[PDB]
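This report concerns only the one structure given below.
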Amino acid sequence: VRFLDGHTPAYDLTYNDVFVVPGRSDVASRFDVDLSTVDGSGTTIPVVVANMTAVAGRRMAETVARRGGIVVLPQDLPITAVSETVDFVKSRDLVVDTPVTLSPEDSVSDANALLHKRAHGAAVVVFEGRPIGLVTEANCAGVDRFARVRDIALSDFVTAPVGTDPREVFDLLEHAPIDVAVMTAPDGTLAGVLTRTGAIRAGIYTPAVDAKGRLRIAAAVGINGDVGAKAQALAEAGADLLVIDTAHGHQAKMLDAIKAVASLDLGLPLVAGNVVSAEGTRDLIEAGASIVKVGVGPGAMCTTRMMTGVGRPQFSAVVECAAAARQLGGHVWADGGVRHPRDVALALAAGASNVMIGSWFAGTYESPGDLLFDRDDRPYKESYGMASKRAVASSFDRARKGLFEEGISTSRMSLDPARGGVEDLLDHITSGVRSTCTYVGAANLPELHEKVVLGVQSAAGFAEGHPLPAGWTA
Amino acid sequence: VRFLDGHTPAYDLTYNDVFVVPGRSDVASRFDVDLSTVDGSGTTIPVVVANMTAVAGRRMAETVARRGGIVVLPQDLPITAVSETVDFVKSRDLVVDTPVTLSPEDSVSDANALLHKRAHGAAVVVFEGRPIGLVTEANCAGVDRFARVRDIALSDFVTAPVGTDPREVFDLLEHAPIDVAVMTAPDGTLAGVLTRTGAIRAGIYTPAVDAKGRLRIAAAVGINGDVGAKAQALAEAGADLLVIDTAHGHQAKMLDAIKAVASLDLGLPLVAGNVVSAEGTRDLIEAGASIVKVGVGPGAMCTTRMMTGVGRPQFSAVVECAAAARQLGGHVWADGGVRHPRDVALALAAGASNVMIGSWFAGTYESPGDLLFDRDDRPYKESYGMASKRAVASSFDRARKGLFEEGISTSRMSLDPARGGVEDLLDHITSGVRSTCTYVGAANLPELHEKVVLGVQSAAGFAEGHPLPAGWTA
Amino acid sequence: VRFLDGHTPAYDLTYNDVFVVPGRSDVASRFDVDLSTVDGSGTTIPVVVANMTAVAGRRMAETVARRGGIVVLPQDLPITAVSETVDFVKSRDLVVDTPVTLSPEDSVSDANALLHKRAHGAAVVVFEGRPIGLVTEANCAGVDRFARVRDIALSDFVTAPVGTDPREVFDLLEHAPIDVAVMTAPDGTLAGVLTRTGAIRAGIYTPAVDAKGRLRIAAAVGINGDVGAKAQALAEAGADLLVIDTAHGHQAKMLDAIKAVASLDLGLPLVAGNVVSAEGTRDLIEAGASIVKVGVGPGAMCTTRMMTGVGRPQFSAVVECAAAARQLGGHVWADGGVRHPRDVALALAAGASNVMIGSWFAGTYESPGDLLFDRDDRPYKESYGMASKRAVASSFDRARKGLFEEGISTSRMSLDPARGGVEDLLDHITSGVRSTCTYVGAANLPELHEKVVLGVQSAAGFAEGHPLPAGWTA
Ligand SMILES: Nc1nc2c(ncn2[C@@H]2O[C@H](COP(=O)(O)OP(=O)(O)OP(=O)(O)O)[C@@H](O)[C@H]2O)c(=O)[nH]1
Ligand SMILES: Nc1nc2c(ncn2[C@@H]2O[C@H](COP(=O)(O)OP(=O)(O)OP(=O)(O)O)[C@@H](O)[C@H]2O)c(=O)[nH]1
Ligand SMILES: Nc1nc2c(ncn2[C@@H]2O[C@H](COP(=O)(O)OP(=O)(O)OP(=O)(O)O)[C@@H](O)[C@H]2O)c(=O)[nH]1
Ligand SMILES: Nc1nc2c(ncn2[C@@H]2O[C@H](COP(=O)(O)O)[C@@H](O)[C@H]2O)c(=O)[nH]1
Ligand SMILES: Nc1nc2c(ncn2[C@@H]2O[C@H](COP(=O)(O)O)[C@@H](O)[C@H]2O)c(=O)[nH]1
Ligand SMILES: Nc1nc2c(ncn2[C@@H]2O[C@H](COP(=O)(O)O)[C@@H](O)[C@H]2O)c(=O)[nH]1
């Protein structure tokens, strides 16, 4: 990248210490620029969900892939579970979202636990495939948590067939007291759900599709065991991207695993990490990987920076690894340290093909973790790190390792009471990246890398401006 | 009853204004006295659970009937639901309690919502009828609320066949880290659960059984509609006692309903209410009822005392109605106003055959209401009154009545963190009644009525002594 | 009245110390009993709004008279103001309520200050008489308080002509997101507003009408000055009842004023007060008054009980004055001390023709005082007493009296966040009185006096039962 004249700091910079100065801009609207990545991951937006078990899940995978991102399935899960997740994700529609389906035979608790699994805010109830009503939080607040759901269904809900123009759906939901509309198949069976905000998004975003036209999804494995067999098994079942993720990516085991996956000629683009050095990035590229994950240490749940002096400020690491990868035709991802949309924009301008986002997304409805309400009754979720799952390999055997593996750190990730959905932070991040592109004047992401000019700011320089409202950022 | 010389107050007395003075006592241990009632309800202890939908339920019915009480099924429930409740209650064992059964296919939320449905504190998991482990609160605290239960089962649990002496079970649970022991059938199938405290109680209490030997249960109906048909339907399905419960028991509709049930010659003893007058009690006895419920107004959720000057201090009402009923060979129950075991003892000495307890029991695990945790994270349940269900009889039709029916009052009934089970308040109440009998010197409940001497105390006289600890009383 | 045998207390009783015991009841539904008073005031419900400047006003007068009560215009107001109030009150419709009318030329502050002047919760906007939309609190929360109202009008509102059956209106508002429906004249001009709850009430209550068919209203004067001229002036302008109200009603000036008004032969029934003695009541009856107000001292803002030993427990005073008035064919009103509906029921059973309610009603939208929000942001109003206006008669002249007149006491009267309207407390009071009548078994108010049986309870006897929720009672 290009820095301002005289900006040659003697220290490595994180996101807070570096900024972007505007430049020659010819575009006007932020919809003119495109966010499609060129790394081969196929994402039309530069957002990638991390490999954390508290962030990556079925609902988040489907939701993010619908809006143009990709989600990496967490490492160390049964092959059956990840295969089922992939089948569900690629079985969903490209445009209409799937609501929370409940049969009247279910219990009220089965509703109250699922209304917050999606950003819709109101689950749907189906009877032999026919959607007969909606179930909201206000309906289940006063009822026993184990009465039949049929006691809670309300018949005031908007219906529309699949293929309906979102323009009409928006006006239908304009006067509807509930922001949820049921989309039904031409035979009347429930096909999905189209939120008013989701209806608006349907014309803005474009889903990341595979060669068949289904939602893209990524899977991950560790370096322990037969990495080749695990990668081949994940390839058999649906998979659009392979990510080899470890706490330390500059290991001999890392290179051996990359070589093992590359020798299988699966055709899937290969992603590895993490290294915060040009030497590590070029070594991983040479080993056969197509993409190199960068961040080790800036992870919001990563205690390596505190257990050990090992780490690096994220921005400088991304810049160096991006230069190293582009010298060899590879690509890199920024991993961790993503608290604000400015982090996404800064990492993308630093040369990353896209940005891998972790615990920030875990504080949303679509995250696999269950929603909790704190002492002050604010929506939040307890996000936790991968810990030993990123490291190399009886109860005594478990205790021998777990005594010295870094503890599973947990942070209270609060949701924004209004924009609590993952699509809402996707909107924030996409708006930020588009604003950065317009300010720079670049119409596409490689142009965003090429034309950006960066500068160094002090701690007080980070203080100016307006901070984010509650819940929009970690 | 007999009052002290010169104690002729000019005001009606509640429980707080009256006390018991000791007398000639020949018994020493409180196990020497028996608490069996003579009203025909068959309860070996004078505790009866109220007819409130927040107190009476399947679990409370079974638990209280096991320890010698009886529970009245709430009025205005479907015939199928009450029939299923009765079948379950009479299908359970007389000695061993039933634990919370979970299959490994269930979700973690289905456990976490049920561990607090019983006072055991740890649910059991069954696989094809074989109990394979226990599930406690500490196990489910850190796991996602929708993983399979099999991920939570712990194999450290005590096993013992049915018919095992509780003496051995107590010593088995002496060193067991979990206070829950699994009782299994001779073929290995799960038959029930025997808590250490429950094991101790098994030798103290004696269950209230019917003519067949199954747990007794009572059902209730209102005065609206075909009361005779409803009573006959409740008689067809298992039922050990019929309670006609209304907000006002001195009505012509009340007498007509009593006559209708009496003309059916069901044989079941008939209970009616509520009247706080001797004239009302004798009228209800003449109408055909065998038992008259007394309290109207002292109910902890009854807002009639505040909506209207209508009401009465509970103790004087119980004394007068007891005298009226005993003049005619009938029996009476104290209804409402039961906050402390002293209330039970005072009502029983006042002449009531047994005591009908309401919202105090609703603050327990066995109550049908779901357990909630307050702002300070203390276990409590939101108990609510019957409201319009105790009164005589489209959405407009519902709004016409509900606008003027008394609102469903709700109170924050806190559980005691240690003795939160309904059996624990049963132990407190039974210990109090036995202590009252020993202090009076009576070996049986009619002797408790006959030999008791009461006195009147001021508000300051209620201040002396030690108040109950948190959660033991409402 | 009749007390229980042995209930002969040595102290005068307030509402809290006395209760009602049920009796022979033949009626079942509380709509069977009628609440019409026989004192000649014409009120179909026993609720009368006090003479306090913080309670009696145009909106409260119209609202209470619509539901069957009467409101006494405060003493010491200009003749023009009370004449305008009377003309407005008698100019309104008997069934449909009038909403808050706003022209688009008005300011947003003129809306935000008026949305809380009525219990509707959403004002109406008219353009040349045509209602073009509604204005709610949520609409004005985010806008500058001085933009034009036209920027706030929302067109989603239900319309219905006058004479429409409330059955259809209820179903129309069933799915409407706003609880406010606009009632329009057959030519399209705005005629009033029919709230869903108001639509239900329209079939329950019956308005108190004059000989012409317009809403009844009462006016009040002091004893100072030419009381005859003031009464004649109030008679010229519309008036349905004359109330001579003073702090001390057993004065020679009181008798002289009563004689002066009686000599005018206005025909309007005459009400005077206040005396808490049989001698005072009979003296005021002899002086020419038809009704005697009783309470002096129990007033929630009356500091006479604290400045002076002068006063009386309200219930005993009402009983004695009721007996004194009925010995002479007169009638009495309970004045002050009305915190709960039980107070209304107890005073009515004590023999009062109806109940005069004060600061309890001032904590409502319809009260003339402006709504305030406290430190915790809870809706409340600062109710204040009449102070020197109830007593007999330059800045020095003002300071000479005001230094020794009792200070204007002020209390923080909180509204219930849900049922904050005066019609809602009217519903509570009417439901309480009807419940008392049904428990007693009386079908009409003189029968409620005749058939009621009362008893004395201690302070602990007042503790039993459930307290009111927040905001329902003072
Ligand atoms: N009735 C009903 N059950 C559902 C629905 N979605 C999920 N479930 C059930 O709830 C379980 C947990 O839901 P998931 O969201 O898949 O699980 P999770 O661990 O919370 O999150 P993921 O990582 O997305 O799997 C599923 O295995 C189903 O048994 C729904 O819409 N309706
Ligand atoms: N797996 C499992 N499900 C249970 C168990 N007990 C109850 N359930 C289920 O949970 C539902 C609610 O339990 P109940 O306690 O009967 O219902 P409630 O309304 O909370 O209380 P009750 O008044 O006692 O019925 C039942 O209808 C069953 O479907 C148990 O031990 N194991
Ligand atoms: N635009 C508009 N102005 C109103 C409305 N009602 C009252 N006002 C104006 O606001 C003033 C105060 O309203 P009122 O409620 O009559 O006065 P108050 O002193 O608050 O209470 P009252 O004792 O009922 O008179 C009136 O004199 C009118 O000028 C309304 O519906 N629309
Ligand atoms: N070493 C380590 N890294 C973690 C852990 N949990 C998450 N990470 C890293 O941090 C990233 C997410 O960081 P975030 O975007 O939440 O700031 C993950 O993609 C992963 O690279 C953990 O427990 N240990
Ligand atoms: N009028 C009335 N009585 C109630 C209500 N809920 C409970 N009760 C009465 O109060 C009794 C329980 O009182 P507790 O024992 O909780 O003080 C019940 O058995 C019933 O008689 C209600 O909503 N209204
Ligand atoms: N002496 C006196 N009585 C007052 C004052 N304000 C109200 N009152 C009395 O108290 C009554 C209202 O009492 P409430 O119904 O609010 O308890 C009024 O109708 C009036 O009789 C005041 O300032 N002084």
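Numbering starts at 1 and runs along the chain as it is shown here.
Looking at the header, which is where the method is noted, we find electron microscopy, 3.7 Å.
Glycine is treated like the rest: Cβ placed from N, Cα and C.
These come from Swiss-Prot:
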type	residues	note
DOMAIN	A:95-152	domain 'CBS 1'
DOMAIN	A:153-211	domain 'CBS 2'
BINDING	A:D245, A:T246, A:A247, A:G295, A:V296, A:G297	NADP(+) binding site
ACT_SITE	A:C302	active site, thioimidate intermediate
Additional residues around NADP(+), ordered along the sequence, whose Cβ is within 8 Å of the centroid of A:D245, A:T246, A:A247, A:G295, A:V296, A:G297:
A:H248, A:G249, A:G273, A:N274, A:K293, A:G299, A:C302, A:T304, A:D335, A:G336, A:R390
Protein Cβ atoms within 10 Å of A:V296 (NADP(+) binding site), excluding its own:
28
Once the chains shown are all counted, how many other Cβ atoms turn up within 10 Å of the Cβ of A:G297 (NADP(+) binding site)?
23
Using DSSP, how many residues of the domain 'CBS 2' (A:153-211) fall into helix, strand and coil, respectively?
18 helix, 14 strand, 27 coil
Whole-number answer please: how many Å between the C-alpha atoms of A:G295 (NADP(+) binding site) and the residue listed as 'active site, thioimidate intermediate'?
10
Over the span of the domain 'CBS 1' (A:95-152), count residues by DSSP class, listing helix, strand and coil in order.
15 helix, 18 strand, 25 coil
Taking the Cα atoms as reference points, how far is A:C302 (active site, thioimidate intermediate) from A:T246 (NADP(+) binding site) in Å?
12
Neighbour count (Cβ, 10 Å) for A:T246 (NADP(+) binding site):
26
Same chain, 6+ residues apart, C-beta under 8 Å of the C-beta of A:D245 (NADP(+) binding site), given in sequence order:
A:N51, A:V72, A:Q75, A:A220, A:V221, A:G222, A:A272, A:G273, A:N274, A:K293, A:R390
Could you check which of the recorded positions A:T246, A:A247, A:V296, A:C302 have their CB within less than 6 A of ligand 4?
A:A247, A:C302
Cβ contacts of A:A247 (NADP(+) binding site) (under 8 Å, same chain, 6 or more positions away):
A:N274, A:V296, A:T304, A:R390, A:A391
A:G295, A:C302: which of these recorded positions has the sparsest Cβ neighbourhood within 10 Å?
A:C302
Restricting to the record's NADP(+)-binding residues (A:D245, A:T246, A:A247, A:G295, A:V296, A:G297), give me the longest CA-CA distance in Å as a whole number.
14
